[PDB]
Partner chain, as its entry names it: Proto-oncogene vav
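Just one chain follows, in the form deposited without the partner chain, and it is written as C-alpha cells.
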C-alpha cells in the first residue's frame, strides 16, 4: 500500500546503526545489511494503515560528505540523531547535519532524536563528561535544539534498553501521513 522512505543521519558513534538494528533485529548477529534477501522495508501497521517503511543508514564520516547525499533523493522523513551524552554531536547538528539535510532537501520533515538515553543517568558516563567540563544533554536542551531547527518532533530513546525506540519510527511515519501543507 503506502511507501515511506526514512534516512538516518548524524555523527559517527551516536548510535545510528544500533538504533536501526535494535528496532528491526535484536542480537549482535542480527547486524544486517541491505544485501539480505529477507527484505529491507519494514512491516508496520498504524491505526488501520498499512505502511511499508524503508530504512536507510548513513556513513557519517567527513570523507563520505560527497557520497552520503546520494541516498537523500525521494526521502519522506529524516531522523537527525545526536547522543544525549555527547555535546559535540549535539552542536554538530547545528553546524553540519541540519544545514546538510536542509540544503539537499528543503521541505522534508525532520525528527530530532536524542540517542543513548540509558547513559544520561549513568554515574560513570556523567563523571567522565564532568572531567572534560561537559554534562549530558538534558530534555530542555534537546527540546531547545529541536525548536532552533524547526523539527516536527523531538524524541529521546535507547537502542540498548529499547526505551522509546519504537516510538521514534511510529512518529517518523506520522510526520509523513499527518503533515502540514
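Positions refer to the first chain, counted from 1.
Unshown form solved in complex with the partner chain; subsequent notes refer to it.
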Is there a non-hydrogen atom of residue 34 within 4.5 angstroms of a non-hydrogen atom of the partner chain in the deposited complex?
yes
Consider residue 136 of the chain shown here, and say whether it contacts the partner chain in the deposited complex, taking contact as heavy atoms within 4.5 Å.
no
Decide whether residue 71 counts as a contact residue for the partner chain in the deposited complex under a heavy atom distance cut-off of 4.5 Å.
yes
Would you classify residue 59 as touching the partner chain in the deposited complex, given a 4.5 Å non-hydrogen atom cut-off?
yes
